[PDB]
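Asks: Before I ask anything, here's the sequence and the deposited coordinates:
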Amino acid sequence: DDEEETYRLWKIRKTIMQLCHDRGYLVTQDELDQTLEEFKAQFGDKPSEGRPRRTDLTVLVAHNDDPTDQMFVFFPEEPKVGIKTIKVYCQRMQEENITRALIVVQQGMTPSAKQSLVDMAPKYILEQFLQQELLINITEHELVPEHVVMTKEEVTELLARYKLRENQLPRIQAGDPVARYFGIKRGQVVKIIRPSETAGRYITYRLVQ
Amino acid sequence: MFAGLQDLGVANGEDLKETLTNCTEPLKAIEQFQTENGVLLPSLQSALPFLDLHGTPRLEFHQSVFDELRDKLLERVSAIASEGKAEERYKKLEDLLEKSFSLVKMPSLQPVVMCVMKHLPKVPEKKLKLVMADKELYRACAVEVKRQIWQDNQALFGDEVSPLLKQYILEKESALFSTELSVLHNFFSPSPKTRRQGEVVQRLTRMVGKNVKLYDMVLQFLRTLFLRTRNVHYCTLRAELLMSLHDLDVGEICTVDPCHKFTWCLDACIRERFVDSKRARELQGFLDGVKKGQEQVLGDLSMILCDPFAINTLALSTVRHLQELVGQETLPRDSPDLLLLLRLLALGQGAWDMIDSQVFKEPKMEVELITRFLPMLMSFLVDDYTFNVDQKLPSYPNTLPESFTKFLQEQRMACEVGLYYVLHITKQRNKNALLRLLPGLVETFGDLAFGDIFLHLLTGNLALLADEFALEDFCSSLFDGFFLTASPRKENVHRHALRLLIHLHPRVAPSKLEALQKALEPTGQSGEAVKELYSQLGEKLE
Amino acid sequence: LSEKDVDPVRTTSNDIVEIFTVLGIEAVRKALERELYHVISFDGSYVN
Amino acid sequence: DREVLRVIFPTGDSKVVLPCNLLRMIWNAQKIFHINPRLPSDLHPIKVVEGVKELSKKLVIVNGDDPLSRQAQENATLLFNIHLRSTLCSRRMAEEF
Amino acid sequence: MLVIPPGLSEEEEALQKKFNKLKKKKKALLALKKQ
């Protein structure tokens, strides 16, 4: 099909752009709510081996505050991404001086490339995303409260205020869908804001581990 | 003050004084004048006693009656202009305007005449010629009346337009010489729409109105100013006005402009900041859509392509497809899209050349550029890849062949492409490549490297290199090779260097900071801008 | 949830493990709250 | 406060569980002091407003002065503060109590 | 139309030689890292 997969691509791009905005990167307002029509006009509306084919809709966006912090969001065509297909991405990453990228796979990316991916983590931090997940923004669901990522200074302020070691906080594991949405690694604390029926608003903190 | 009342037979204060000067009894004469030829109703004269005896003088309700009957007449004439038959109501309003131009000289009734004249979509010739002779009558005219004035008055319309163009040029110059040097916001950062939504473009649209002739004359005036003063912002203003009018659904202006489709697709390209293969081939088909005998369309296309935004977008596209060719390892001769991008850049650059020569043709671009200059840039990029791989493998080459320097210092297209390649390697934050290509930057053909656009772009790209600006060798080489050869002569280069230093003075080494302070001291005969920048640097640094 | 013209906001799933795996840990906490409240206050009995 | 409530409590459920019964306390005061809710009262509304404002500060769940503790205290008593303001108004204290 | 000769000048020959050198270094780096 052509219209259906075009719709899938448009939805995926919208979700990715919302993700980038919530991660603190500079995303313009118009590109954050562009409808299907302008997407078709800009990219082609004929992705059945036509103009709006993948690797043409990749996006590079810089941080809001520091212009030297950018991030790529690639779009492999092969349903099963292999070691070479990510080594080309790594080389493409190396020419510029940026270290963060996102991969949107279509099917289960191969485990050997997973090991290669995790091996190069300290130099270049980059992670994958199944295209099925990105069809919906989970942070919009009614069950999901507002997650906020803390800086080091406010985490230290919190620990000093409640006189508790960081070990004693509640936990959120690194594989959590919201944790992967926010790209948060081990050792970070997330502030969670909830509406409470007995107090009105309750703020709790989760530690990534 | 009370002139023009005598024409209709209703005497004003002048004839009043003339008659009462040689009159012995003013009481009976004034009573009859306020009674006989006054309001011919028993109601008003019978109301005079009560209103007199109230203590409030009758002047008050007389003036109130005059003003409110004025307002009622104006509102009813407005309604009539939108009620009944169009031709009949227009003829009645024409009669009313003809009989009100006798009283047009009355400020208390000037609103009546002006509103009724606004009510007429097309004022006759003689009445317009009368009103435009007076400053306040001309200025109080409605938008339709001003449109009628400008439709057949070329010089006055140009005089009206000129200050707006002056404001546009002043804003553009202030933005180009902005102290705030960053990549987050620059001259080319804002979208084309908000620039078209800016006060200059929308105001020019309002003065143009819905007239094709006014829009064409504005384009011709911008073209003449751009040809004479050699300022390229007029082309940008023309393109912005055309696209704003098209987006305002002014189809009458869309069809009369032969470059409508090309300018629309180019506006799309500028909005996306990317001349993609689909849009590139669309623009190529537009370029091949020009017929023989109508080659002035080619000149208009070149002028449209002459915008700094359009030129920057086309050059960035050419450079990035050059890096794509290097990445896929394709020789320059095998890329036809590269040829199309070079042709578009050639048209954009030679807009002024072919307009001044009055030849409406594509200038010949030599094959030497493509065959020889581009492989040098690709060799530099391949050496970059080689150095990176060797860094990951178990010294960076900075030698510059004489051929590349010759082409850069002799070819304007090569000059622009090399300048933007230097910008692209600067945004990569690679000191070795900048030091390697600095000898090429030392001398450039056409002095494009010392232009305001490239000076601002280079300062913005170098702003990210504050850390590297802590090494005195790098800054000293970058200044003496490129900046110091023009800054004593060209004021713009000096201003840009001073602004970059102001933005990044903490990072400059103390010896290098002193050297830049004493070598770049303001000169007496230059502008006040350099003195202001140096004073600001001195105030902030200490 | 990814189907066209299906509300992605209010479409709960009544299954604890599926809710957890799809929407995180705070979402499964809230879902557990609502499920327990329903199973308790079904017969009219109220628990603080 | 109304805007905050309408997102805290969707579905328009007025019933809520809170520590003190304000309506019953008002009734008890009326019966103790023989208000006679027929004559005008000597209650300056500004007294009510500033009394409520001062009373809010005295009900502390999270004690402290740094911004974290102040924010936590503001949240922990948000619903009770909203309810207390919504009953001990200036108009209600003059037209209803 | 522009006259584009098919003969290779020193620029294109140098570009192709650097291409081949880069390819050799790329295969060497692939052998190094893919281990």
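Replies: Sure thing, it's come through. Residues are numbered from 1 along each chain as shown, chains lettered A, B, ... in the order given.
Asks: near chain D at all, stretch A:125-144?
Replies: No. Judged by CB under 8 Å from any CB of the partner chain, stretch A:125-144 makes no contact with chain D; its nearest approach is 9.5 Å. Heads up, the C-betas are built off the backbone N, CA and C, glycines and all.
Asks: hmm, that stretch touching chain C?
Replies: Yes. Counting by CB under 8 Å from any CB, chain C is contacted by stretch A:125-144 at A:132, A:135, A:136, A:137, A:138, A:140, A:141, A:142, A:143, A:144.
Asks: distance between that stretch and the chain's centre?
Replies: 8 Å (CA atoms, centre = their mean, to the nearest Å).
Asks: center of the chain, which residue is that?
Replies: Using chain A here. residue A:181 (4.7 Å; CA atoms, centre = their mean).
Asks: Figure out the helix or strand that that residue lives in.
Replies: helix A:177-182 (DSSP states H and E).
Asks: Kindly report the same for residue A:204.
Replies: Using DSSP H and E, residue A:204 sits in strand A:202-208.
Asks: list the contacts for residue B:298?
Replies: B:290, B:347, B:354, B:360, B:361, B:362 (CB atoms under 8 Å, 6 or more residues apart in numbering or on different chains).
Asks: burial count for the fifth one?
Replies: To tie it back to what came earlier, the one meant is residue B:361. Residues near residue B:361, counting by other CB atoms under 10 Å in any protein chain shown, number 11.
Asks: what does the third one give?
Replies: A count of nearby residues for residue B:354, using other CB under 10 Å, gives 20.
Asks: Verify the stated contact: it with residue B:302.
Replies: Yes. The pair residue B:354 / residue B:302 is scored as a contact, 6.1 Å apart, by CB atoms under 8 Å.
Asks: And the residue in chain A that chain D sits nearest to, its phi and psi?
Replies: Per CB to the nearest CB, residue A:200 is where chain A lies closest to chain D, at 3.4 Å. Torsion angles at residue A:200 (phi, psi; degrees, to the nearest 10) stand at phi 100, psi -40.
Asks: for it, what are its contacts?
Replies: Counting by CB under 8 Å, 6+ apart, residue A:200 makes contact with D:4, D:8, D:75, D:78, D:79, D:82.
Asks: Residue of chain C closest to chain B, please.
Replies: Here chain C gets closest to chain B at one residue, residue C:4, 27.2 Å apart by CB to the nearest CB.
Asks: and the residue in chain E positioned nearest to chain D, how many neighbours?
Replies: Nearest to chain D in chain E, going by CB to the nearest CB, is residue E:33, at a distance of 47.7 Å. Per other CB under 10 Å, the neighbour tally for residue E:33 reads 14.
Asks: what about the helices in chain C?
Replies: Ranges of helices within chain C are C:16-23, C:26-40, based on DSSP state H.
Asks: returning to that earlier point: would you mark the buried spots in the helix or strand following the helix holding residue A:181?
Replies: Downstream of helix A:177-182, the first helix or strand assigned by DSSP H and E is strand A:189-194. Residues of strand A:189-194 classed as buried: A:189, A:190, A:191, A:192 (neighbour count, 16 or more other CB atoms under 10 Å in any protein chain shown).
Asks: anything in strand A:189-194 near chain C?
Replies: Yes. Using CB under 8 Å from any CB, strand A:189-194 comes into contact with chain C via A:192, A:194.
Asks: Stretch B:103-112: which residues count as buried?
Replies: Neighbour counts over stretch B:103-112 (16+ other CB under 10 Å) mark B:103, B:104, B:105, B:106, B:109, B:110, B:112 as buried.
Asks: For that stretch, output the C-alpha coordinates as CSV.
Replies: Only the C-alpha atoms of stretch B:103-112 are listed here, as CSV (Å, rounded to 0.1, in the frame of the first residue of the first chain):
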residue,chain,number,x,y,z
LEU,B,103,-17.6,72.6,0.8
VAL,B,104,-14.5,70.4,0.9
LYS,B,105,-12.6,73.4,2.3
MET,B,106,-14.6,73.2,5.5
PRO,B,107,-12.9,71.2,8.3
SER,B,108,-16.2,70.7,10.1
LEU,B,109,-17.6,69.2,6.8
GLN,B,110,-14.3,67.9,5.4
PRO,B,111,-15.1,64.5,7.0
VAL,B,112,-18.3,64.4,5.0
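Asks: what's the residue closest to the geometric middle of chain C?
Replies: Closest to where the C-alpha atoms of chain C average out (CA atoms, centre = their mean) is residue C:31, at 3.2 Å.
Asks: which ones are touching residue B:497?
Replies: For residue B:497, counting by CB under 8 Å, 6+ apart, the contacting residues are B:479, B:483, B:487, B:516, B:520.
Asks: how close does it get to residue B:66?
Replies: With distances taken as CB to CB, to the nearest Å, residue B:497 is found 68 Å from residue B:66.
Asks: In this structure residue B:304 contacts residue B:235, no?
Replies: Yes. Using CB under 8 Å, residue B:304 is in contact with residue B:235, at 6.9 Å.
Asks: Between those two, which has more neighbouring residues?
Replies: More crowded of residue B:304 and residue B:235, by other CB under 10 Å: residue B:235, with 28 against 24.
Asks: nearest spatial neighbour of the closest residue to chain B within chain E, skipping sequence neighbours?
Replies: For chain E and chain B, the shortest gap (CB to the nearest CB) falls at residue E:11, measuring 3.6 Å. Spatial nearest neighbour of residue E:11, excluding adjacent residues (CB to CB, 6 or more residues apart in numbering or on different chains): residue B:375 at 3.6 Å.
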